[PDB]
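Q: Below is the file query.pdb, with PDB, C-alpha atoms.
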ATOM      1  CA  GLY M   1     -84.582  33.104  24.539  1.00  0.00           C
ATOM      2  CA  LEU M   2     -84.609  33.203  20.715  1.00  0.00           C
ATOM      3  CA  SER M   3     -88.021  34.789  20.044  1.00  0.00           C
ATOM      4  CA  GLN M   4     -90.444  37.647  20.979  1.00  0.00           C
ATOM      5  CA  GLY M   5     -92.485  36.051  23.746  1.00  0.00           C
ATOM      6  CA  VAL M   6     -93.284  37.547  27.144  1.00  0.00           C
ATOM      7  CA  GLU M   7     -90.472  36.230  29.464  1.00  0.00           C
ATOM      8  CA  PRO M   8     -87.042  37.771  28.559  1.00  0.00           C
ATOM      9  CA  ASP M   9     -83.718  35.873  28.635  1.00  0.00           C
ATOM     10  CA  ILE M  10     -80.958  38.519  29.068  1.00  0.00           C
ATOM     11  CA  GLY M  11     -80.894  41.439  26.555  1.00  0.00           C
ATOM     12  CA  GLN M  12     -83.885  42.342  24.326  1.00  0.00           C
ATOM     13  CA  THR M  13     -84.752  38.699  23.523  1.00  0.00           C
ATOM     14  CA  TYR M  14     -87.476  36.336  24.789  1.00  0.00           C
ATOM     15  CA  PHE M  15     -88.695  32.684  24.723  1.00  0.00           C
ATOM     16  CA  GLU M  16     -91.264  31.172  22.281  1.00  0.00           C
ATOM     17  CA  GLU M  17     -94.998  30.378  22.886  1.00  0.00           C
ATOM     18  CA  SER M  18     -94.564  26.608  22.629  1.00  0.00           C
ATOM     19  CA  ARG M  19     -96.863  24.232  24.509  1.00  0.00           C
TER      20      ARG M  19
END
Would you kindly transcribe this structure into structure tokens?
A:
Amino acid sequence: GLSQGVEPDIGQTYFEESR
């Protein structure tokens, strides 16, 4: 992901809180 959400992508990065 490219944000600081709750679900990670691979390293220390995460998806956005979009609807």
Q: Around all of range 1-17 of chain M's listed atoms, make the axis-aligned box with 4 Å on each side and tell me centre and edge lengths in Å to one decimal, as AutoDock Vina command-line options.
A:
--center_x -87.9 --center_y 36.4 --center_z 24.8 --size_x 22.1 --size_y 20.0 --size_z 17.4
Q: Find the residues around residue 12 in chain M up to 10 Å (all atoms listed in the file counted), leave out those fewer than 2 positions away in its own chain, and share them as a PyMOL selection string.
A: chain M and resi 1-4+8-10+14
Q: Which residues would end up in the selection if the PyMOL selection byres ((chain M and resi 17) around 9) were applied here, given that I need the answer as a PDB file with C-alpha atoms, in the coordinates of the input?
A:
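Generated file (expr30.pdb):
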ATOM      1  CA  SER M   3     -88.021  34.789  20.044  1.00  0.00           C
ATOM      2  CA  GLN M   4     -90.444  37.647  20.979  1.00  0.00           C
ATOM      3  CA  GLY M   5     -92.485  36.051  23.746  1.00  0.00           C
ATOM      4  CA  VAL M   6     -93.284  37.547  27.144  1.00  0.00           C
ATOM      5  CA  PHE M  15     -88.695  32.684  24.723  1.00  0.00           C
ATOM      6  CA  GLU M  16     -91.264  31.172  22.281  1.00  0.00           C
ATOM      7  CA  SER M  18     -94.564  26.608  22.629  1.00  0.00           C
ATOM      8  CA  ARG M  19     -96.863  24.232  24.509  1.00  0.00           C
TER       9      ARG M  19
END
